[PDB]
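Below, all heavy atoms of this structure are taken into account, side chains as well, without hydrogens, waters or symmetry copies. First the proteins, then the strands, lettered A, B, ... as listed; each starts at 1. Every number for a ligand or one of its atoms is a count from 1 in the order of the listing.
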Amino acid sequence: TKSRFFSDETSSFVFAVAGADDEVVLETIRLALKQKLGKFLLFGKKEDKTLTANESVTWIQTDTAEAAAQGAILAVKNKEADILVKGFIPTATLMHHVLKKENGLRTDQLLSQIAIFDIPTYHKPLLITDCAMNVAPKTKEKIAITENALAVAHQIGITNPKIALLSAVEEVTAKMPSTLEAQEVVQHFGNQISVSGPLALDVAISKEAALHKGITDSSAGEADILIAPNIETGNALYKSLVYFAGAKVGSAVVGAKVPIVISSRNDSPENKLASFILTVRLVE
Amino acid sequence: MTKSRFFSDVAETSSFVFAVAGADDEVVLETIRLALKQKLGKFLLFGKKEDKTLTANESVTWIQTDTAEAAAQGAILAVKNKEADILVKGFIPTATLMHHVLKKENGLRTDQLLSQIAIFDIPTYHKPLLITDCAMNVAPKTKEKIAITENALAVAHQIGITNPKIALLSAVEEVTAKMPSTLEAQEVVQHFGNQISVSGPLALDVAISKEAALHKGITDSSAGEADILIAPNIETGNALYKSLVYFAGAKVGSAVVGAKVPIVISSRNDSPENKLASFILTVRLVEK
Ligand SMILES: NC(=[NH2+])NCCC[C@H](N)C(=O)O
Ligand SMILES: [Cl-]
C-alpha cells in the first residue's frame with residue numbers, strides 16, 4: 001500500500017490556452033472537461049465545433065502564434081483565467097511575454113519548473129525541481145528553486161516537506177561545485193525547514209542506503225522534494241521515472257502569479273492531464 | 001515481449017584471476033563468496049585479517065598484507081606480473097589504489113583516459129543499456145567526453161555489441177550557448193563522423209524511446225534504440241544510475257575501464273547482486 005497524489009477532482013477554475021490547435025493540445029482538454037476539472041479559454045486558429053459546444057469552453061479566434069500567446073497572457077493579467085497553458089506555439093513565444101514584468105505574471109521571484117511523481121516503487125509522492133527551466137542554477141537560484149518547491153509542498157498539503165539537495169556524492173569538495181552549493185543552501189535555511197545535502201540519490205530515497213552510509217536524518221530515505229544540481233540531472237531523473245519506472249507525473253512552472261502548464265510534445269495524455277490537475281490544486 | 005539480457009541466472013564460470021587490494025570486511029568479502037559459489041573465477045586476497053573458511057577454497061589465495069599501501073601495490077604487481085586479470089578495489093580508500101594506477105609509469109594505464117561505465121538490464125527496456133560516466137569523471141568536457149565515448153565503444157565491442165548506437169545525453173535536442181553540454185554533445189558527434197552510430201544532444205526520451213523521438217519529429221533510425229548513453233556530467237550519470245537501480249528495478253554491473261585491465265570499484269551501497277554483476281562484467285571484459 002502507498003499514498004498517491006493522483007488518486008481519484010473538480011473545479012470552476014479557468015485555463016487560458018495559448019494556441020488551442022492540434023490534437024496533441026486538444027486531447028488533454030477533452031479529458032479535463034469530461035472530468036469537469038475546469039473551464040477553458042481557447043485562443044486558436046481553427047475551431048473545433050464539437051469541442052466549442054461544451055458550455056465550459058470559450059473560443060477566441062487567433063490566427064498567429066503571437067496573438068494566441070498575447071491573448072492568453074492578457075486573459076491572465078485581466079484575471080479572467082487562473083492558469084496559463086502553452087498550446088501549439090513555441091515555448092519561447094509564450095515565455096517572452098510571461099517574463100515581461102509589465103504583463104503582471106513575473107514578480108521578484110525566480111520561476112522554476114517542478115514535477116510531482118507517483119512512482120510505483122516509492123512509498124509517497126515525490127517532487128523534483130528544476131527539470132526543464134533553470135539551466136545551471138547556482139546557490140542563489142537553488143535557494144529560490146527551493147522556496148518555490150516549499151510553497152508548492154505547502155499549497156498541496158505536505159506540511160513539513162523533507163528536502164534533499166541532490167548530487168553524486170555526500171562529501172563537500174571543490175572538485176564538485178554542486179556539493180558546495182548544496183551545503184550553502186542547507187546553511188541558508190538552518191532550522192527553518194527540513195533540508196539535507198548534498199545527498200546522492202540512493203541516500204535521499206532509501207533509508208537503508210542512508211543508514212549504510214551512517215546517515216539518519218529525515219530527508220534521507222524520506223525525501224518529499226529533490227533539488228536537482230543542474231538541468232541535465234533533473235531532466236534525466238524526470239524522464240527516467242516516466243520511461244523506466246512507470247511513474248505518473250504532473251508538471252508546472254511556478255513562481256509566477258499563476259501556474260503555467262508547459263508540456264512536452266510527447267508527454268502522455270494521462271501525464272498531460274496530471275499537469276492540469278496539479279495546476280488546479282495550486283490555485284486552491 | 002522479447003528482451004535481450006546481459007546477465008544470466010545460470011552461473012557463468014571462468015578461471016580468470018581477481019587481485020583484491022584490501023581483502024577485509026563483509027562489504028568486500030560477500031561478493032567474493034558469491035563469485036566462488038558460482039565458480040566465477042579465482043582470487044588473490046591481499047588483506048590483514050584472514051577468513052580461514054573462505055581461504056580453504058582452492059580458487060583462493062591469501063596474501064597477508066597489513067597496510068592499504070602494501071595491499072594496493074601487491075594487487076597491482078600481481079597484474080603487472082600477469083598473475084591477475086582483473087583488479088578489485090577492496091577495503092581501502094579509492095585514492096590509495098588509484099593514485100598508483102593513474103600514474104602511467106606503473107604499467108597499468110596508457111594515455112587513454114579512465115572512466116567508469118555501467119551496464120544495465122532494465123525490466124522495461126528491451127536490451128542492455130550502457131551508461132557512462134556515472135562515478136569517476138566529474139565534469140568532462142569535449143576531449144574527455146570523446147575519450148569516455150571511446151572507452152564505451154571498446155567496452156561495447158568486447159561484450160558483443162558490434163554497432164553500438166551512442167546518444168550524448170542532455171536536457172534538450174536543440175544546441176544552445178545557454179546549455180554548454182549541448183554544444184559539447186554536438187562536438188563529440190562531429191568528432192566521430194560516420195565511423196559510428198552516434199547522436200546528440202538528446203534528452204533521455206529521444207534516446208531510449210522511438211515513439212518519443214518521432215513525436216519530437218526526430219526520425220533517425222538511431223533514435224529510441226540507444227545502446228550507450230554518455231552523461232553530460234557526473235551528477236546526471238550518477239542520478240540516472242541510481243534511478244534505474246532504486247526505481248526501475250535494474251540489475252547493473254560497473255567497472256572502471258580505459259586501463260590495461262578492468263577495475264572493480266563498487267559503492268558501499270551497491271547490492272551484493274550488483275557487486276557480483278560487476279565481477280561478471282569484468283570477466284566479460286577480459287574474455288579472449
Ligand atoms: N560504480 C558504482 N558503484 N557506483 C555507485 C556509487 C555512486 C557514487 N560513487 C556515490 O557515492 O554516490
Ligand atoms: Cl504509484
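With ligand atoms numbered from 1 in the order given, ligand 1 contributes 3 (N) to contacts under 4.0 Å with heavy atoms of B:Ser266. The A:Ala200 neighbourhood of ligand 1 comprises atoms 12 (O), with distances under 4.0 Å to a heavy atom of that residue. The A:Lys213 neighbourhood of ligand 1 comprises atoms 11 (O), 12 (O), with distances under 4.0 Å to a heavy atom of that residue. Taking every heavy atom of B:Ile265 and a limit of under 4.0 angstrom, the matching atoms of ligand 1 come to 1 (N), 3 (N). Residue contact check: B:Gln116 has heavy atoms under 4.0 Å from atoms 1 (N) of ligand 1.
Under 4.0 Å is where a charged nitrogen must lie from a carboxylate oxygen, and between B:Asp270 and B:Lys275 no such pair does.
Nearest approach of A:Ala200 to A:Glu170, heavy atoms of both residues: N-OE2, 2.7 Å. The nearest pair of heavy atoms linking B:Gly90 to B:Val28 is C-CG2, 3.7 Å. When all heavy atoms of B:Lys260 and B:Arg109 are compared, the pair lying nearest together is CE-O, 4.0 Å. Closest of all the heavy-atom pairs between A:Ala220 and A:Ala210 is CB-CB, 3.8 Å. For the residue pair B:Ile131 and B:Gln116, the shortest heavy atom distance occurs at O-OE1, 4.2 Å. When all heavy atoms of A:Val186 and A:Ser196 are compared, the pair lying nearest together is CG2-C, 3.6 Å.
Contacts of B:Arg268 with ligand 1, taken as heavy-atom pairs under 4.0 Å, are absent altogether. For B:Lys242, every heavy-atom contact with ligand 1 shorter than 4.0 Å involves the side chain, none the backbone. At a heavy-atom cutoff of 4.0 Å, ligand 1 is contacted by no atom of B:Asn269, backbone or side chain.
Taking atom 5 (C) of ligand 1 as the reference point, the nearest protein heavy-atom neighbour is B:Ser267 CB, 3.5 Å. Looking only at protein heavy atoms, the nearest one to atom 1 (N) of ligand 1 is B:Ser254 OG, 3.2 Å. For atom 10 (C) of ligand 1, the closest heavy atom belonging to the protein is A:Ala168 O, 3.0 Å. With respect to atom 2 (C) of ligand 1, the closest heavy atom belonging to the protein is B:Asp270 OD2, 3.7 Å. If you check which protein heavy atom lies closest to atom 8 (C) of ligand 1, you get B:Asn238 ND2, 3.0 Å.
Ring to ring, A:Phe244 and B:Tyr125 are close: their centroids are under 6.0 angstrom apart. B:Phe120 has its ring centre less than 6.0 Å from the ring centre of B:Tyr241.
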